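[1] this one's a deposited entry, sequence included:
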Protein chains: 4
Amino acid sequence: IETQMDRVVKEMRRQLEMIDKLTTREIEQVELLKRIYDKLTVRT
Amino acid sequence: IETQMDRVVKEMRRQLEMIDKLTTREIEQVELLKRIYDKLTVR
Amino acid sequence: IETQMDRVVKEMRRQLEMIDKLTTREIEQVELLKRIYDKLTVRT
Amino acid sequence: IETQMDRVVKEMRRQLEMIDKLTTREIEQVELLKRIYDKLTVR
Ligand SMILES: [Ca+2]
């Protein structure tokens, strides 16, 4: 009734979190590319 | 459950926003990757 | 009631579509890194 | 009623198996970027 209706708000709030740990992993990921790129422009 | 329904949606449209920036960013990632990779092929 | 209640399953169907794009994109990069990784060792 | 609310929760936990496979996948990218970035720092 309402009790699965939070087995819904609950699971979800855990999805925003899981999403956020992802974005900052995208960022870590990018950082390492910009840099790794810059070492290649220069090693030339 | 009428107004928590309402909350649920709001939070969902927020969750797509996020899944969107993610999607943008992977596109960028992938081009840098190919860009990076081309140069390894030049040298 | 049911109105807002599918402005919900609507989102989810759309959410999971995107979670599918990424997983295949991710798949693409994972083997572009492997290509670059393989070569660096060659360029050595 | 409960019928569609039941669906809702399903495809939601479906998405958590997904994003979980995904993190496990961007982790494995990150290890390759480190390891790639280390290898140049040497040449
Ligand atoms: Ca990535």
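    Thanks, I have the structure now. Numbering: from 1, shown residues only, chains lettered A, B, ... in the order given.
[2] what are the boundaries of the helices in chain A?
    Listed in chain order, the helices of chain A (DSSP state H) span A:9-42.
[3] around chain C, which positions in it sit nearby?
    Within chain A, no position lies close to chain C (Cβ under 8 Å from any Cβ of the partner chain). No exception for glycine: its C-beta is placed from N, CA and C like everyone else's.
[4] which positions in chain A make contact with chain B?
    Residues of chain A lying near chain B (Cβ under 8 Å from any Cβ): A:1-2, A:5-6, A:8-9, A:12-13, A:15-16, A:19-20, A:22-23, A:26, A:29-30, A:33-34, A:36-37, A:40-41, A:43-44.
[5] contact partners for residue A:43?
    By Cβ atoms under 8 Å, 6 or more residues apart in numbering or on different chains, the contact list for residue A:43 reads B:43, D:40, D:43.
[6] circling back: from the residues of chain A next to chain B, list the buried ones, please.
    A:5, A:8, A:12, A:15, A:19, A:22, A:26, A:29-30, A:33, A:36, A:40 (16 or more other Cβ atoms under 10 Å in any protein chain shown).
[7] any chance of those residues in a markdown table, plus distance to chain D?
    Putting those into a markdown table (distance: Cβ to the nearest Cβ, whole Å) gives the following:
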| residue | distance to chain D |
| --- | --- |
| A:5 | 7 |
| A:8 | 6 |
| A:12 | 7 |
| A:15 | 7 |
| A:19 | 7 |
| A:22 | 6 |
| A:26 | 7 |
| A:29 | 6 |
| A:30 | 9 |
| A:33 | 7 |
| A:36 | 5 |
| A:40 | 7 |
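[8] OK, now which residue of chain A is nearest to the ion?
    At 5.1 Å from the ion, residue A:29 is the closest residue in chain A, using Cβ to the ion.
[9] check contacts around that residue.
    So residue A:29 contacts B:29, D:26, D:29-30, D:33 (Cβ under 8 Å, 6+ apart).
[10] what residues does chain A have near the ion?
    Residues of chain A that fall close to the ion, judged by Cβ under 5 Å from the ion: none.
[11] ignoring the adjacent residues along the chain, who's closest to the residue of chain A found nearest chain D?
    Residue of chain A nearest chain D, by Cβ to the nearest Cβ: residue A:32 (4.1 Å). Distances taken as Cβ to Cβ, 6 or more residues apart in numbering or on different chains put residue D:33 closest to residue A:32, at 4.1 Å, once the chain neighbours are dropped.
[12] wait, what's in contact with the residue nearest to the spatial centre of chain A?
    For chain A, the residue nearest the mean C-alpha position is residue A:22 (1.6 Å; Cα atoms, centre = their mean). The neighbours of residue A:22, taking Cβ under 8 Å, 6+ apart as the test, are B:22, D:19, D:22-23, D:26.
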